[PDB]
Structure formats: C-alpha cells, structure tokens
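query-v4.cif follows; it contains mmCIF, C-alpha atoms.
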```cif
data_work
#
loop_
_atom_site.label_atom_id
_atom_site.label_comp_id
_atom_site.auth_asym_id
_atom_site.auth_seq_id
_atom_site.Cartn_x
_atom_site.Cartn_y
_atom_site.Cartn_z
CA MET A 1 0.00 0.00 0.00
CA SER A 2 2.65 2.49 1.11
CA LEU A 3 5.43 3.62 -1.22
CA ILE A 4 7.79 2.40 1.50
CA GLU A 5 6.23 -1.04 1.27
CA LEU A 6 6.93 -0.91 -2.45
CA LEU A 7 10.55 -0.07 -1.58
CA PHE A 8 10.55 -2.92 0.95
CA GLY A 9 8.44 -5.46 -0.93
CA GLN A 10 11.31 -7.91 -1.42
CA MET A 11 10.76 -9.95 1.69
CA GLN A 12 12.76 -9.05 4.79
CA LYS A 13 16.30 -7.88 4.22
CA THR A 14 17.40 -8.15 7.88
CA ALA A 15 21.15 -8.45 8.45
CA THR A 16 22.92 -5.56 10.17
CA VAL A 17 25.39 -3.58 8.06
CA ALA A 18 25.86 -0.76 10.57
CA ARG A 19 25.32 1.82 7.82
CA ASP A 20 22.66 4.38 6.92
CA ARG A 21 20.93 4.45 3.52
CA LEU A 22 18.96 7.30 1.95
CA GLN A 23 16.41 6.61 -0.79
CA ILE A 24 15.50 9.85 -2.54
CA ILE A 25 12.90 9.94 -5.31
CA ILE A 26 12.52 13.21 -7.20
CA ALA A 27 9.69 12.57 -9.66
CA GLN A 28 8.40 15.33 -11.94
CA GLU A 29 5.29 14.28 -13.87
CA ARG A 30 4.70 16.59 -16.84
CA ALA A 31 3.72 15.98 -20.45
CA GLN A 32 4.87 16.01 -24.09
CA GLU A 33 4.57 19.79 -23.94
CA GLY A 34 7.30 21.47 -21.89
CA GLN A 35 10.38 23.70 -21.98
CA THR A 36 13.09 25.40 -19.95
CA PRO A 37 14.70 22.17 -18.57
CA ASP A 38 16.95 21.98 -15.43
CA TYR A 39 14.83 21.03 -12.40
CA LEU A 40 15.99 17.57 -11.32
CA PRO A 41 19.76 18.48 -11.33
CA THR A 42 18.94 21.83 -9.73
CA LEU A 43 17.44 20.13 -6.66
CA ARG A 44 20.09 17.42 -6.88
CA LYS A 45 22.77 20.08 -6.56
CA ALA A 46 21.01 21.62 -3.56
CA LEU A 47 20.75 18.21 -1.97
CA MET A 48 24.45 17.64 -2.58
CA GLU A 49 25.15 20.97 -0.88
CA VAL A 50 23.18 19.82 2.16
CA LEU A 51 24.96 16.49 1.89
CA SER A 52 28.38 18.13 1.99
CA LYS A 53 27.30 19.94 5.18
CA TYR A 54 25.84 17.09 7.20
CA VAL A 55 26.39 13.81 5.33
CA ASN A 56 29.97 12.82 4.46
CA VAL A 57 29.37 10.62 1.41
CA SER A 58 31.27 10.63 -1.88
CA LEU A 59 29.73 10.39 -5.36
CA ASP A 60 31.64 7.11 -5.60
CA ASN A 61 28.99 5.69 -3.21
CA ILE A 62 26.06 7.84 -4.39
CA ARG A 63 23.98 6.30 -7.17
CA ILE A 64 22.54 8.89 -9.57
CA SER A 65 20.08 7.65 -12.16
CA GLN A 66 17.31 9.39 -14.08
CA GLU A 67 14.39 7.43 -15.55
CA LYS A 68 12.15 8.77 -18.33
CA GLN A 69 8.54 7.72 -18.89
CA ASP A 70 6.57 9.52 -21.59
CA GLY A 71 6.49 13.14 -20.37
CA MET A 72 7.53 12.20 -16.83
CA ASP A 73 11.09 12.32 -15.48
CA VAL A 74 12.27 10.98 -12.11
CA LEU A 75 15.69 11.26 -10.46
CA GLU A 76 16.85 8.57 -8.05
CA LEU A 77 19.53 9.49 -5.50
CA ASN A 78 20.75 6.60 -3.35
CA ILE A 79 23.20 7.62 -0.61
CA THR A 80 25.25 5.24 1.54
CA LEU A 81 26.64 6.63 4.79
CA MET B 1 11.64 -3.09 -11.86
CA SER B 2 12.04 0.68 -11.61
CA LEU B 3 10.76 2.63 -8.61
CA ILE B 4 8.79 4.66 -11.16
CA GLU B 5 7.13 1.47 -12.37
CA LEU B 6 6.17 0.82 -8.75
CA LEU B 7 4.67 4.33 -8.69
CA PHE B 8 2.93 3.60 -11.99
CA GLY B 9 2.02 -0.05 -11.45
CA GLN B 10 -1.73 0.58 -11.35
CA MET B 11 -2.41 0.08 -15.01
CA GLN B 12 -2.49 3.14 -17.25
CA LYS B 13 -3.93 6.29 -15.75
CA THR B 14 -4.23 8.21 -19.05
CA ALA B 15 -6.73 11.08 -19.07
CA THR B 16 -5.37 14.62 -19.40
CA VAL B 17 -5.78 16.87 -16.37
CA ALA B 18 -3.52 19.65 -17.66
CA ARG B 19 -1.68 19.76 -14.33
CA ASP B 20 1.80 18.86 -13.07
CA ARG B 21 2.38 16.44 -10.19
CA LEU B 22 5.52 16.01 -8.09
CA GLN B 23 6.16 12.76 -6.20
CA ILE B 24 8.91 13.30 -3.63
CA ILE B 25 10.15 10.44 -1.46
CA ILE B 26 12.57 11.34 1.33
CA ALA B 27 13.47 8.00 2.93
CA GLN B 28 15.99 7.79 5.76
CA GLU B 29 16.84 4.20 6.69
CA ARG B 30 18.48 4.04 10.13
CA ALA B 31 18.05 1.74 13.10
CA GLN B 32 16.74 1.40 16.67
CA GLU B 33 19.83 3.33 17.77
CA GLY B 34 19.71 7.03 16.87
CA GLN B 35 19.44 10.58 18.22
CA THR B 36 19.35 14.27 17.36
CA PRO B 37 16.11 14.15 15.25
CA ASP B 38 15.06 16.81 12.65
CA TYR B 39 16.18 15.70 9.17
CA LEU B 40 13.00 15.01 7.19
CA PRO B 41 11.31 18.37 8.13
CA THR B 42 14.64 20.16 7.64
CA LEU B 43 14.79 19.12 3.98
CA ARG B 44 11.03 19.53 3.71
CA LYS B 45 11.41 23.16 4.74
CA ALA B 46 14.18 23.69 2.19
CA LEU B 47 12.02 22.13 -0.47
CA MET B 48 9.15 24.42 0.51
CA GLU B 49 11.51 27.37 0.17
CA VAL B 50 12.39 26.27 -3.36
CA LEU B 51 8.69 25.67 -3.95
CA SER B 52 7.79 29.21 -2.92
CA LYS B 53 10.38 30.47 -5.44
CA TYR B 54 9.47 28.46 -8.51
CA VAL B 55 6.32 26.42 -7.80
CA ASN B 56 3.17 28.29 -6.74
CA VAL B 57 1.38 25.58 -4.75
CA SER B 58 -0.35 25.90 -1.39
CA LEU B 59 -0.13 23.43 1.50
CA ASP B 60 -3.86 22.96 0.93
CA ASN B 61 -2.87 20.98 -2.20
CA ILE B 62 0.42 19.55 -0.86
CA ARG B 63 0.10 16.18 0.85
CA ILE B 64 2.58 15.72 3.71
CA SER B 65 2.76 12.29 5.29
CA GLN B 66 5.52 10.51 7.20
CA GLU B 67 5.63 6.71 7.43
CA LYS B 68 7.60 4.82 10.08
CA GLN B 69 9.00 1.31 9.66
CA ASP B 70 11.16 -0.10 12.45
CA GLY B 71 14.16 2.28 12.53
CA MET B 72 13.37 3.74 9.09
CA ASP B 73 11.43 6.96 8.47
CA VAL B 74 10.23 8.24 5.09
CA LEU B 75 8.55 11.55 4.22
CA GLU B 76 6.17 11.75 1.26
CA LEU B 77 5.60 15.15 -0.34
CA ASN B 78 3.00 15.18 -3.11
CA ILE B 79 2.67 18.53 -4.91
CA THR B 80 -0.07 19.49 -7.37
CA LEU B 81 0.63 22.41 -9.68
#
```

Could you render the structure from this file as structure tokens?
Amino acid sequence: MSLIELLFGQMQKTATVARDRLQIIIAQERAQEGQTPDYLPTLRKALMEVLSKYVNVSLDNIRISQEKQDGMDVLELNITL
Amino acid sequence: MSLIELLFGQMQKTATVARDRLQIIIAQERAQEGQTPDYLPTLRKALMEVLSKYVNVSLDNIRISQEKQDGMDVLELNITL
C-alpha cells in the first residue's frame, strides 16, 4: 500500500550492516509539452550541498540515475553513509 | 523493476488533467539506535523554500505524510501544480 512497502516489498532484508541508507525519489510528472529544462539536477545540486554539510558521502557511493517515462522524469539518488 | 514502475504499477492512468504532479520520497533508513532528530522536516522546509520560489502551490494541495517502519522513516511530499 505504502510507497515504502513498495521499496521494501522484497521480503525481509534483515542483516545488520551498521550503515545508513537514503532513498531519494525526485519525480516530476509533466507531459509532451514542456520547456526550460533543469529542475531535477537543480534540486540534486542543492541536496548535494546539504549532503556536503551534514552527510559525508562521496559520489563514488552515491547512485545517480534518471528514468524517463513519456512526459515524466524521475531522479533517483541513493546515498550510503 | 524501476521505482517509477512501482509508482505507476496501477495500469495506465491516461486522461489529461492539464496539471503537473511532483512525487517526492525522502526516505531515511536508520536503526533502533539514533538521536538528534530533525532531518526530514529540515529538507522539507528547504524544499518548501524552493517551492515558494518556482512552484506556486499551497499546503492545501500539498500532501505531507511521514511513514515509520522499524528504525526507518520516510517523508512523502505530493505537490499538485
């Protein structure tokens, strides 16, 4: 039912890894009509600024992937701390 | 497979509403051990600041819901423009 249940719908993961994990979904649902790009990477940058302040993680561990569906674009930012 | 397919796994929605929709997932996976709260609403505030700049939407249309699972907390921000 919950989006989080969709994230955790692969049985129980259990096991302690002693690490924190951020799952950030930035989904912008638009249309075939559109213009003036630069929204997902704009917020991404801001999030990386906040990251640099509080969360010491390198882009070597941060997974950045954008997925396109029709006129909808979503940015996935997975952060391992 | 994709998180976006999980978001759009309820058949095809089609129908044009001539409106934009943002689906923001801010998921912080931690543990029973933890302290110094105030991360989800901190980013939420920052996002609302960016919203006020670029995206003219009122909290009357913005859905704000936090979901707790064990030592994991996720904040869902749904914005209708």

I'd like a table as a Markdown table: residues in region 1-70 of chain A with an atom no more than 10 Å from region 54-72 of chain B, each row giving the shortest atom pair and its distance in Å to one decimal, all atoms listed in the file counted, sorted by chain and rising residue number.
```
| residue | atom | partner | partner_atom | distance |
| --- | --- | --- | --- | --- |
| A:2 | CA | B:67 | CA | 8.2 |
| A:3 | CA | B:67 | CA | 9.2 |
| A:4 | CA | B:67 | CA | 7.6 |
| A:5 | CA | B:69 | CA | 9.1 |
| A:8 | CA | B:69 | CA | 9.8 |
| A:20 | CA | B:72 | CA | 9.6 |
| A:21 | CA | B:72 | CA | 9.4 |
| A:22 | CA | B:72 | CA | 9.7 |
| A:39 | CA | B:54 | CA | 10.0 |
```

- Query: Hey, which of B:28, B:12, B:23, B:35 ends up closest to residue 81 (chain A)? Count all atoms listed in the file.
  - Reply: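 The shortest atom-to-atom distance to residue 81 (chain A) comes from B:28.
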
Hand me chain A as it sits after a least-squares fit onto chain B over every Cα, paired in order, written as a PDB file with C-alpha atoms, in the frame of the given file.
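File out.pdb, as written:
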```
ATOM      1  CA  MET A   1      11.640  -3.094 -11.858  1.00  0.00           C
ATOM      2  CA  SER A   2      12.037   0.679 -11.611  1.00  0.00           C
ATOM      3  CA  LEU A   3      10.756   2.630  -8.613  1.00  0.00           C
ATOM      4  CA  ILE A   4       8.788   4.657 -11.158  1.00  0.00           C
ATOM      5  CA  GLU A   5       7.128   1.477 -12.363  1.00  0.00           C
ATOM      6  CA  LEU A   6       6.173   0.824  -8.756  1.00  0.00           C
ATOM      7  CA  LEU A   7       4.668   4.330  -8.684  1.00  0.00           C
ATOM      8  CA  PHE A   8       2.923   3.594 -11.992  1.00  0.00           C
ATOM      9  CA  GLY A   9       2.021  -0.057 -11.454  1.00  0.00           C
ATOM     10  CA  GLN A  10      -1.728   0.585 -11.355  1.00  0.00           C
ATOM     11  CA  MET A  11      -2.416   0.080 -15.017  1.00  0.00           C
ATOM     12  CA  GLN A  12      -2.487   3.145 -17.258  1.00  0.00           C
ATOM     13  CA  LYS A  13      -3.929   6.289 -15.753  1.00  0.00           C
ATOM     14  CA  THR A  14      -4.226   8.208 -19.056  1.00  0.00           C
ATOM     15  CA  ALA A  15      -6.727  11.075 -19.069  1.00  0.00           C
ATOM     16  CA  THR A  16      -5.372  14.611 -19.397  1.00  0.00           C
ATOM     17  CA  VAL A  17      -5.777  16.875 -16.367  1.00  0.00           C
ATOM     18  CA  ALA A  18      -3.523  19.653 -17.664  1.00  0.00           C
ATOM     19  CA  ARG A  19      -1.679  19.755 -14.332  1.00  0.00           C
ATOM     20  CA  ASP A  20       1.793  18.863 -13.071  1.00  0.00           C
ATOM     21  CA  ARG A  21       2.379  16.443 -10.180  1.00  0.00           C
ATOM     22  CA  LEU A  22       5.525  16.010  -8.086  1.00  0.00           C
ATOM     23  CA  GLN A  23       6.162  12.767  -6.198  1.00  0.00           C
ATOM     24  CA  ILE A  24       8.904  13.294  -3.632  1.00  0.00           C
ATOM     25  CA  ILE A  25      10.159  10.438  -1.461  1.00  0.00           C
ATOM     26  CA  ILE A  26      12.567  11.337   1.332  1.00  0.00           C
ATOM     27  CA  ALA A  27      13.464   8.004   2.931  1.00  0.00           C
ATOM     28  CA  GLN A  28      15.996   7.797   5.765  1.00  0.00           C
ATOM     29  CA  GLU A  29      16.846   4.202   6.688  1.00  0.00           C
ATOM     30  CA  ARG A  30      18.481   4.041  10.124  1.00  0.00           C
ATOM     31  CA  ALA A  31      18.044   1.739  13.103  1.00  0.00           C
ATOM     32  CA  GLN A  32      16.743   1.398  16.675  1.00  0.00           C
ATOM     33  CA  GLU A  33      19.822   3.331  17.763  1.00  0.00           C
ATOM     34  CA  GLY A  34      19.709   7.030  16.879  1.00  0.00           C
ATOM     35  CA  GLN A  35      19.440  10.578  18.222  1.00  0.00           C
ATOM     36  CA  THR A  36      19.352  14.267  17.359  1.00  0.00           C
ATOM     37  CA  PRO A  37      16.114  14.151  15.254  1.00  0.00           C
ATOM     38  CA  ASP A  38      15.066  16.810  12.649  1.00  0.00           C
ATOM     39  CA  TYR A  39      16.182  15.696   9.172  1.00  0.00           C
ATOM     40  CA  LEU A  40      13.004  15.009   7.193  1.00  0.00           C
ATOM     41  CA  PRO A  41      11.312  18.371   8.129  1.00  0.00           C
ATOM     42  CA  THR A  42      14.632  20.160   7.643  1.00  0.00           C
ATOM     43  CA  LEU A  43      14.795  19.111   3.977  1.00  0.00           C
ATOM     44  CA  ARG A  44      11.032  19.533   3.701  1.00  0.00           C
ATOM     45  CA  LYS A  45      11.409  23.157   4.743  1.00  0.00           C
ATOM     46  CA  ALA A  46      14.180  23.695   2.193  1.00  0.00           C
ATOM     47  CA  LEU A  47      12.021  22.132  -0.475  1.00  0.00           C
ATOM     48  CA  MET A  48       9.153  24.412   0.506  1.00  0.00           C
ATOM     49  CA  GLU A  49      11.514  27.375   0.170  1.00  0.00           C
ATOM     50  CA  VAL A  50      12.386  26.267  -3.359  1.00  0.00           C
ATOM     51  CA  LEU A  51       8.694  25.666  -3.941  1.00  0.00           C
ATOM     52  CA  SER A  52       7.794  29.208  -2.919  1.00  0.00           C
ATOM     53  CA  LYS A  53      10.372  30.476  -5.441  1.00  0.00           C
ATOM     54  CA  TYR A  54       9.465  28.461  -8.516  1.00  0.00           C
ATOM     55  CA  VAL A  55       6.325  26.416  -7.800  1.00  0.00           C
ATOM     56  CA  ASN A  56       3.171  28.284  -6.740  1.00  0.00           C
ATOM     57  CA  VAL A  57       1.382  25.571  -4.754  1.00  0.00           C
ATOM     58  CA  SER A  58      -0.351  25.906  -1.390  1.00  0.00           C
ATOM     59  CA  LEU A  59      -0.132  23.430   1.502  1.00  0.00           C
ATOM     60  CA  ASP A  60      -3.864  22.966   0.930  1.00  0.00           C
ATOM     61  CA  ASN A  61      -2.874  20.972  -2.200  1.00  0.00           C
ATOM     62  CA  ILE A  62       0.411  19.552  -0.861  1.00  0.00           C
ATOM     63  CA  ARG A  63       0.100  16.178   0.853  1.00  0.00           C
ATOM     64  CA  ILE A  64       2.578  15.721   3.716  1.00  0.00           C
ATOM     65  CA  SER A  65       2.765  12.290   5.294  1.00  0.00           C
ATOM     66  CA  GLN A  66       5.517  10.513   7.206  1.00  0.00           C
ATOM     67  CA  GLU A  67       5.633   6.709   7.427  1.00  0.00           C
ATOM     68  CA  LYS A  68       7.606   4.821  10.088  1.00  0.00           C
ATOM     69  CA  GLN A  69       8.997   1.309   9.659  1.00  0.00           C
ATOM     70  CA  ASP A  70      11.162  -0.091  12.446  1.00  0.00           C
ATOM     71  CA  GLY A  71      14.156   2.280  12.524  1.00  0.00           C
ATOM     72  CA  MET A  72      13.369   3.739   9.097  1.00  0.00           C
ATOM     73  CA  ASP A  73      11.434   6.961   8.471  1.00  0.00           C
ATOM     74  CA  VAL A  74      10.228   8.245   5.089  1.00  0.00           C
ATOM     75  CA  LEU A  75       8.552  11.551   4.216  1.00  0.00           C
ATOM     76  CA  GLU A  76       6.177  11.743   1.265  1.00  0.00           C
ATOM     77  CA  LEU A  77       5.601  15.149  -0.348  1.00  0.00           C
ATOM     78  CA  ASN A  78       2.994  15.187  -3.116  1.00  0.00           C
ATOM     79  CA  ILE A  79       2.671  18.538  -4.909  1.00  0.00           C
ATOM     80  CA  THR A  80      -0.074  19.490  -7.368  1.00  0.00           C
ATOM     81  CA  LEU A  81       0.636  22.416  -9.683  1.00  0.00           C
TER      82      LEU A  81
END
```

- Item | Residue with smallest distance to residue 18 (chain A) - pool B:53, B:48, B:6, B:32, counting all atoms listed in the file |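 Among the listed residues, the smallest separation from residue 18 (chain A) belongs to B:32.
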
- Message: As an exercise, work out the distance from CA of residue 75 (chain B) to CA of residue 80 (chain A) in Å and give it to one decimal place.
- Response: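 Rounded to one decimal, the two atoms are 18.1 Å apart.
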
- Item | Distance in Å - CA of residue 26 (chain A) versus CA of residue 46 (chain A) |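 Separating CA of residue 26 (chain A) from CA of residue 46 (chain A) is a distance of 12.5 Å.
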
- Message: For a test of reading the model, state the distance in Å between CA of residue 29 (chain B) and CA of residue 44 (chain A), rounded to one decimal.
- Response: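 Straight-line distance from CA of residue 29 (chain B) to CA of residue 44 (chain A) works out to 19.2 Å.
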
- Hey, which of B:49, B:36, B:74, B:41 ends up closest to chain A? Count all atoms listed in the file.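 Of B:49, B:36, B:74, B:41, the one nearest chain A is B:74, counting all atoms listed in the file.
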
- Item | Selected residue of minimal separation from chain A among B:43, B:51, B:25, B:79, counting all atoms listed in the file |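 Nearest candidate to chain A out of B:43, B:51, B:25, B:79: B:25.
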